[PDB]
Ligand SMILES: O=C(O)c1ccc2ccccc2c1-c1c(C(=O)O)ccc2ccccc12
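Take a look at this one chain, the form solved without this ligand, written out in structure tokens.
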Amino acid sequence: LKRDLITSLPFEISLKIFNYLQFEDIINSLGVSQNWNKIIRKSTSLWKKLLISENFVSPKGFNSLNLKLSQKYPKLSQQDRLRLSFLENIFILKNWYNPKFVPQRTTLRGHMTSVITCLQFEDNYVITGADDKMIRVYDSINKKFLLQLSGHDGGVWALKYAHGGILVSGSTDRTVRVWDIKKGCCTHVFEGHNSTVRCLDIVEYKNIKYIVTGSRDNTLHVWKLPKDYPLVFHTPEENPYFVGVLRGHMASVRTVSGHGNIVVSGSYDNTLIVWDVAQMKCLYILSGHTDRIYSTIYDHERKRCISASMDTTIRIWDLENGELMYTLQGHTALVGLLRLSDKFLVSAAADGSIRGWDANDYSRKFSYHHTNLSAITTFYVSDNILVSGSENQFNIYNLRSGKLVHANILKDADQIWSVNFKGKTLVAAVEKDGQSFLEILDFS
């Protein structure tokens, strides 16, 4: 005769049983009986595991996930919360991976110039910049243009957003400006750099946020992010927010990556420098590349540094003493792009090639090549997906099956300047018939 093993077994044992079932089976079980429903909804592990299995969160990001879900659903419990999150996630991933699924497209006007120089995507805000010395802010939820920010006397080329609707910019205008989307104005104008601001990043140390800007003047000025508004500071010495200049590079500071009191910069002098912003001193000088660096990443988690040079190579450095760890050779052209996914180190080159290495041991995980061999202009990645763009090409790749999901979604685009995605929303600054546009794709 039968026996409701699930009800009769000790709680712990039944849960092992459920951990051997795919989510679909777990949902059906939830409707088998009142007790099954109760037993399953009692588990937090059940869903925590799944979320991680599907790469919707990582052990480190767990807690933060929880806090955010609790803010989203006060009256829900941790268990039911995690389940809502998973069910919501697994279905967006289902859409992304479905060849027969087509995202909803929204196309908005871009800048006066056909080229977009930069793009941020956070807090339901899509901010874009261009050589038309303008900054456009968009609404990613209602899919529409919000406002424009004007001020820079030169084309904008670097912009980083900061929680609260605050964002910082840098331009050929040689100034570093802080804006307030809410108020829609430039609340600060930091002068100093004796040349174009080429890159920038914002790091936080001891609950204090700092702005780090690299320039073609070979230096990196450090300013603290501020707590009639157009407050200009013609002089660094008198500027309360100024901190100092990191001198060391002999050429333009092309890239910058930081976290906490550690920032890493890449220059055209073919070198990289690890700075301790707190002590405002040089920590290590990474030498070896035989040509200019176009991108670097500071892997704080692992305490390392990835560098991409025009010398066609990628280098991994140990920031525990500054010595080289490995040299990756998977590109025959200039390697100007890099991203660190929770599971992958992804790199793209001027020959249209894209490589994915294991984020910890750097063994070859995947590699793609745009069919028309054109240089990779942009791309973004998650543990489940890769979106890449080049002239006449915009591709989405399912990183699990390794196969290409969609290849014609933005076919009418002539250039994919910047691409960024998060959850069910994908965004791209593109060019169509000598004009820029913002493309927003919906996968919900």
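All residue numbers refer to positions in the sequence shown, first residue = 1. Take the two forms, find the largest set of C-alpha atoms that superpose within 1.5 Å, and that set is the rigid core.
- Unmodelled stretch separating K75 from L76: none (count of deposited-sequence residues without coordinates).
- Comparing 319 to 327 with 81 to 89, the stretch with the higher mean C-alpha B-factor in the PDB entry is 319 to 327.
- Look at the mean CA B-factor for 183 to 191 and for 257 to 265 in the entry; the higher one is 183 to 191.
- Within the selection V156, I306, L108, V335, the deposited Cα B-factor values reach their highest point at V156.
- Residues shown: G244, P99, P103, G356. Highest C-alpha temperature factor in the entry: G244.
- Remark: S140 belongs to the middle third of its chain, ranked by C-alpha B-factor as recorded.
- Compared with the other modelled residues of the chain, the Cα B-factor recorded for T425 ranks in the lowest third.
- Sort the modelled residues of the chain by CA B factor and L1 lands in the highest third.
- When the CA B factors of the chain's modelled residues are split into thirds, the value for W275 lands in the highest one.
- Among the modelled residues of its chain, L373 has a C-alpha B-factor that falls in the middle third, as given in the PDB entry.
The discussion below concerns the form solved in complex with this ligand, not included here.
- For this ligand, fitted onto this chain by superposing the C-alphas round its site in the deposited bound form, the count of atoms within 2.4 Å of backbone or C-beta atoms is 3 or more, giving a blocked pocket.
- This chain is displayed alone, yet in the deposited bound form one of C199, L272, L82, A349 has a heavy atom within 4.5 Å of this ligand; that residue is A349.
- This chain is drawn without this ligand; in the deposited bound form, the residue among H163, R364, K303, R109 with a heavy atom within 4.5 Å of it is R364.
- Residue contact check for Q148: none of its heavy atoms lie within 4.5 Å of this ligand in the deposited bound form.
- At a distance threshold of 4.5 angstroms between non-hydrogen atoms, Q104 is out of contact with this ligand in the deposited bound form.
- Using a 4.5 angstroms limit between non-hydrogen atoms, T290 is distant from this ligand in the deposited bound form.
- Although the partner is absent here, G192 is not a contact residue: none of its heavy atoms lies within 4.5 angstroms of this ligand in the deposited bound form.
- Residues of just one listed stretch (292 to 300, 349 to 357, 169 to 177, 92 to 100) have heavy atoms within 4.5 Å of this ligand in the deposited bound form: 349 to 357.
- Core-superposed comparison between this form and the one not shown: the CA of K38 exceeds or equals a 2 Å shift.
- Shown in the overlay between this form and the one not shown, fitted on the rigid core, is a CA shift at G258 smaller than 2 Å.
- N55: CA moves less than 2 Å between this form and the one not shown after rigid-core fitting.
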